[PDB]
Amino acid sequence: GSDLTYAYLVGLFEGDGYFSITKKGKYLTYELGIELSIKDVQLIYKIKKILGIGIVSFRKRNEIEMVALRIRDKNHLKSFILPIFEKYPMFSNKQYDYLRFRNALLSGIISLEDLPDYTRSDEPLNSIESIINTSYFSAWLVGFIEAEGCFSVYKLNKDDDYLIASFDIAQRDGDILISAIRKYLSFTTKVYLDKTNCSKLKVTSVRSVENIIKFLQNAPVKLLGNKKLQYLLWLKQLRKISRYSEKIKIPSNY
């Protein structure tokens, strides 16, 4: 779909993918990969359908089932992948990976010896304002949600029937990123920093739940895979929790 479905794909690749250059005996593998749960096989084929390229693979890691999409053909990466990531840049320090990948690829580095040593900085490239004000952000955000968002419902206490209903999203070395999301979506809950510099944003209130629901109705593109399914079953649950349904215009198709 859309031109901004490509922006959605960069968000999804930012959340769940990886750029990598790996030794291959005497030479190199340049790759862009995403490996998802088998719950997401249909989305893997929607991604290949959008890009027109990429090898699909299955893995059983002995009881967890996994699907990958991997682009390794260097002419295809130069032609089709870099431009997407030029036109719609990643917002986080995963941009450092695209920049080293792009520089290596375009310089024609083919041996480990000529490959510059890479350590990905923890320091952000953008500000809140710079993230929030770019034209493609909301479309990026649907894919980043596709990758990293969580919609859940849970009992507040074992003994009662009081249900919570939360949306939560996290990123390591992601103060700015996550705060930008908080800002844009008018969330006011405190971002939590854990032992491993992973910033975590979680919301529960009626108004915040009303805010993400409204953002995803009005966003340029929609959720496509298993998060889309998680989104609909959450909504299902939401229609039967009084505080939410008697204050939110919930449903739709999608």
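All residue numbers are counted from 1 along the displayed sequence.
For the pair 83-91 and 137-145, the record assigns the higher mean C-alpha temperature factor to 83-91. With 118-126 and 150-158 compared on mean CA B-factor from the PDB entry, the stretch scoring higher is 150-158. Comparing C-alpha B-factors across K39, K228, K195, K46 in the deposited entry, the largest value falls on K195. Per the deposited coordinates, the residue with the largest Cα temperature factor out of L12, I21, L232, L238 is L238. When all modelled residues of the chain are sorted by CA temperature factor, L99 is found within the lowest third. In the deposited entry, the Cα temperature factor of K214 places it in the middle third of its chain's modelled residues. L51 sits in the middle third of its chain by CA B factor, as recorded in the PDB entry.
Sort the modelled residues of the chain by CA B factor and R59 lands in the middle third. Sort the modelled residues of the chain by CA B factor and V191 lands in the highest third.
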